[PDB]
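Student: Encoded as structure tokens, here's the structure I'll be asking about.
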Amino acid sequence: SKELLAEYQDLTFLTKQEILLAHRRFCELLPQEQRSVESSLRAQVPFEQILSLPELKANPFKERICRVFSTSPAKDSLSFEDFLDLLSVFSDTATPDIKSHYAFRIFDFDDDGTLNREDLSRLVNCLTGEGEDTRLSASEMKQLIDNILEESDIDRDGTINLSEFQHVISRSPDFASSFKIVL
């Protein structure tokens, strides 16, 4: 967490200065629960420390964002290796498939993989919706989703892995292209 030395496994879309700027942001994020003595490294940064700054309050996905980043147990959460691998998904450079995989992992909340077809159709629309969709564009892309539900067969199945459904949206629709951050 606090040092740049011990085994950072980061196959990532950030160069040497982008990593150093993101480390300075992680160092401003680190000290309140560990304030002066920096002891619990692969454990802090927690959700109490993410909730500490102004615009992380009425954002309903901030604990879901933290859980896809690392986490599993309470307070043992986003280490610096997790801190680079997460923002690499949103880097303006990274692929539309890794951004659609992250949109899946927000709706698939309790560990497993199999979400409901309604949460899958809401995942594709909560993207196509942010990225410039009027009433004729939303009807045309939901008629496109009805054909992607036929051959990745939804009646008989019910609960679904989006691993198949992201590779079929990587043809065109829609905000999986610009699901991105400024670093």
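By Swiss-Prot numbering, chain A shows 9-191, in order.
Header entry for method reads solution NMR.
The backbone N, Cα and C atoms fix where each Cβ goes, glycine too.
Pasting the feature list from Swiss-Prot:
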BINDING   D116, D118, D120, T122, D127  Ca(2+) 1 binding site
BINDING   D161, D163, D165, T167, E172  Ca(2+) 2 binding site
DOMAIN    103-138  domain 'EF-hand 1'
DOMAIN    148-183  domain 'EF-hand 2'
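Each of these features: where is it, how hidden is it, and who are its neighbours?
Tutor: Secondary structure from DSSP puts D120 (Ca(2+) 1 binding site) in coil. Within 10 Å of the C-beta of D120 (Ca(2+) 1 binding site) there are 9 other C-beta atoms, taking all protein chains into account.
In the three-state DSSP assignment, the secondary structure recorded for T167 (Ca(2+) 2 binding site) is strand.
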Student: So for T122 (Ca(2+) 1 binding site), how many other CB atoms are inside 10 Å of its CB?
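Tutor: So the number of other Cβ atoms within 10 Å of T122 (Ca(2+) 1 binding site) is 11.
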Student: For the recorded Ca(2+) 1 site formed by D116, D118, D120, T122, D127, which further same-chain residues have Cβ atoms within 8 Å of the site's Cβ center?
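Tutor: Going along the sequence, the neighbours appear as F115, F117, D119, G121, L123, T167.
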Student: Show me the subset of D161, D163, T167, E172 whose Cα is within 10 Å of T122 (Ca(2+) 1 binding site); these are the binding-site residues I mean.
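Tutor: If one measures from the Cα of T122 (Ca(2+) 1 binding site), the binding-site residues that come within 10 Å are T167.
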Student: Round to a whole number and give the Cα-to-Cα distance in Å for the pair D116 (Ca(2+) 1 binding site) and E172 (Ca(2+) 2 binding site).
Tutor: 15
Student: Within 10 Å of its Cβ, which one of these binding-site residues (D127, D161, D165, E172) has the largest number of other Cβ atoms?
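Tutor: Counting every other Cβ within 10 Å of each candidate, the maximum falls on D127.
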Student: Per residue, counting other C-beta atoms within 10 angstroms of the C-beta, which of the binding-site residues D116, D118, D163 reaches the highest number?
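Tutor: Selected residue: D116.
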